[PDB]
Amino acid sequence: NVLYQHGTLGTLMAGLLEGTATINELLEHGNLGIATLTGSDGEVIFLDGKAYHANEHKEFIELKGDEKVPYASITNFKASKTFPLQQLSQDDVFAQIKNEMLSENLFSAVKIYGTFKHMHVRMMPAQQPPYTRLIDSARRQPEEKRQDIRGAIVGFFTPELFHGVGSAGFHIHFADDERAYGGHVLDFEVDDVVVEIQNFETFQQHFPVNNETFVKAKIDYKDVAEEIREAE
């Protein structure tokens, strides 16, 4: 039960958007997760060992594998608990997961598959170097909503003390069965779905020690906590 993370949310938010790991390299550590590409281009969804990408132009494709990522979270999903849910809001769905998870003091992974009455996502717009704080991208991000759509939500829960390294609470992405729509979930309403949870005993954090920008950078985390809450 290990959650693998390449880079961190706080450092990404700080403006270090250079791709430092390969999609293929990430897949070596898991089959379910979330991420983004160099320049924080779009939304990466790791689903069933495959890597998908939804960008700011409503495009949706399966990544070749050589694309680079500045921040990614992945795991070899092994559900330790499964249970259904119907006709519930995002808040109510999270409250259920909060009830079924082993502990909110631990990291955990979730998978929600089925039909969604409502789905609301954003596709982080890509930046070109020199980079700026990621909050600037989020403030001009496109958002797309759908209704009565079938797909899967995948993500992770980060415990309080780890806010910054990961995200404050749930961080989830969506990919529809048609593999034509998806992104970072901002809101949703389940119609009929199945929820799978996995509690982690180990958190493996990897750093891009070979990336000169990261190594030499003087990272400013001023207001990073507040920005993360506005951006995601």
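Residue indices: 1-based, along the sequence shown.
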{"item": "Residue stretch of maximal mean CA temperature factor, 102-110 vs 130-138", "value": "130-138"}
{"item": "Which of 78-86 and 146-154 has higher mean CA B factor, as the PDB entry lists it", "value": "78-86"}
{"item": "Among 175, 61, 34, 37 - the residue whose C-alpha B-factor is largest in the record", "value": "61"}
{"item": "Residue 42 by Cα B-factor - lowest, middle or highest third of the modelled chain", "value": "middle"}
{"item": "Residue 57 - Cα temperature factor, lowest/middle/highest third of chain", "value": "highest"}
{"item": "Residue 202 - which third its CA temperature factor falls in, relative to the rest of the chain", "value": "middle"}
{"item": "Record-listed C-alpha B factor of residue 171: chain third", "value": "lowest"}
{"item": "Residue 49 CA temperature factor, ranked by third within the chain", "value": "highest"}
